[PDB]
Structures are given as C-alpha cells and as structure tokens.
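Secondary and tertiary structure notes
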Amino acid sequence: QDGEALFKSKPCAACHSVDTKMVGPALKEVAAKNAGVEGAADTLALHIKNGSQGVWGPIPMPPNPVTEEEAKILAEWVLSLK
Ligand code: HEC
C-alpha cells in the first residue's frame with residue numbers, strides 16, 4: 001500500500017502495466033531487465049523525467065510530471081515488484 005497505490009495515481013499505469021502491458025514494458029518485465037542492476041533506480045529516474053528510448057524499443061517515453069520524491073518511491077516499488 002506504500003508503493004503500488006502510487007503507481008495508480010501515476011499515469012504510469014495508463015501506458016505501463018502491472019500484470020500485462022500496452023506501450024512500455026510492464027514494470028514486471030522491466031524489473032527483470034534492471035534486476036541484476038538493483039541500483040538501476042537512479043538510471044531510471046534519468047530515463048523517466050527526460051524520457052528514454054532504445055532501451056526497449058524505438059518508442060521514446062515522454063517526460064512525466066514526476067519529481068524525485070515520487071520517482072524514487074515508484075522506482076523502489078518497481079524494483080520490488082518481483
Ligand atoms: C506512455 C506515454 C508512457 C507513460 C505514460 C509512461 N511511460 Fe515509462 N516508458 C514508456 C516507454 C515507451 C518506455 C520504453 C522506452 C524505451 O524505448 O526503452 C518506457 C520506459 C520506462 C522506464 C524504463 C526506461 C529504461 O529502461 O531505460 C521506466 C523506469 C519508466 N518508463 C517509468 C515510468 C514512470 C514512473 C511513469 C509514470 C510517471 C511512466 N514511465 C509513464 C512509456 C510511458
């Protein structure tokens with residue numbers, strides 16, 4: 001309740017997903033990509049605010065209105081997804 005709920009209010013669900021997918025790699029598939037790199041939370045923060053591409057597909061992710069506070073938490077729950 002201190003990590004998943006945030007993903008809800010966060011439009012990250014509109015594009016990303018938890019047990020499926022639509023545009024970007026579901027945090028589940030992404031968690032496995034940055035799993036070995038548990039310290040990937042810092043790299044994601046730079047890929048979320050300034051968007052990022054080539055890491056998954058030719059679809060650059062538009063910058064989202066997220067700060068370091070929400071970007072950090074959301075990054076902690078995404079890494080703890082599984
Ligand atoms: C559709 C406009 C998206 C919304 C809304 C959010 N994200 Fe996204 N994200 C999107 C795409 C298409 C991609 C893949 C980009 C690529 O080419 O690889 C992503 C990727 C991420 C990642 C991983 C970045 C990487 O591994 O290099 C993260 C950590 C991520 N997105 C986070 C994130 C958050 C927290 C969002 C809500 C603020 C969010 N995304 C929304 C597309 C879209």
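Per-chain numbering applies: from 1 upward along each written sequence, possibly unlike the entry's numbering, with residues missing coordinates excluded. Derived side-chain values reflect all non-hydrogen atoms in the structure, with water molecules and hydrogen atoms excluded from consideration.

Per the deposited record, the coordinates in this entry were obtained by solution NMR.

What follows concerns the UniProt feature "binding site: heme c" in the protein. UniProt positions are given in the numbering used here, feature names are shortened, and annotations may be inferred rather than shown by experiment. This chain's UniProt record puts "binding site: heme c" on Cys-12, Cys-15, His-16 and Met-61. These annotated residues cover 50 residues of sequence, but their C-alpha atoms sit close together, with the largest distance between any two at 10.6 Å. Annotated residues from the preceding list that form part of the lining of the largest pocket: these are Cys-12, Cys-15, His-16 and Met-61. Contacts are assigned to residue pairs with any non-hydrogen atoms lying within 4.5 Å of each other. Contact partners of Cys-12, with chain neighbours within four places excluded, come to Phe-7, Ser-17 and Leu-74. Beyond its immediate chain neighbours, meaning those up to four positions away, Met-61 contacts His-16, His-47, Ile-48, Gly-51 and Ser-52. A pocket, in this scheme, is an open set of points on a 1 Å grid over the protein atoms alone with protein on both sides within 12 Å along at least 5 of 7 lines, while a cavity is a set where a 1.4 Å probe fits but cannot get out; residues line either one if an atom lies within 4 Å of a point.

Attention now moves to helix 5 (residues 68-80). Segments assigned H or I by DSSP are reported as helices when at least four residues long, segments assigned E as strands when at least two residues long, and all are numbered from the N terminus. Here, expected helix span is obtained from the residue count minus one, scaled by 1.5 Å. An ideal rise of 1.5 Å per residue puts 18 Å on 13 residues; helix 5 measures up with 18 Å between its terminal C-alpha atoms. Only protein chains enter the accessibility calculation, which uses a 1.4 Å probe; a residue whose area is less than 20% of its type maximum is buried, one above 50% is exposed, and one in between is partly exposed. Among the residues of helix 5, those classed as buried are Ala-71, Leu-74, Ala-75, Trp-77 and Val-78. Taken down its axis, helix 5 places every buried residue within 165° of arc, on the same side. Of the exposed residues in helix 5, those oriented more than 90 degrees away from the buried face are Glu-68, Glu-69, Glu-76 and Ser-80. The inward-facing, buried residues of helix 5 contact helix 1 (4-9), helix 2 (12-15), helix 3 (27-33) and helix 4 (41-48). For helix 5, the capping residue at the N-terminal end is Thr-67, with a side-chain oxygen 3.2 Å from the backbone nitrogen of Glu-69. The arc refers to the directions leading from the helix axis to the C-beta atoms. Within 3.5 Å is the distance limit for a polar contact, defined as a pair of N or O atoms, with the added protein rule that one can donate a hydrogen and the other accept it, and that residues adjacent in sequence qualify only through two side-chain atoms.

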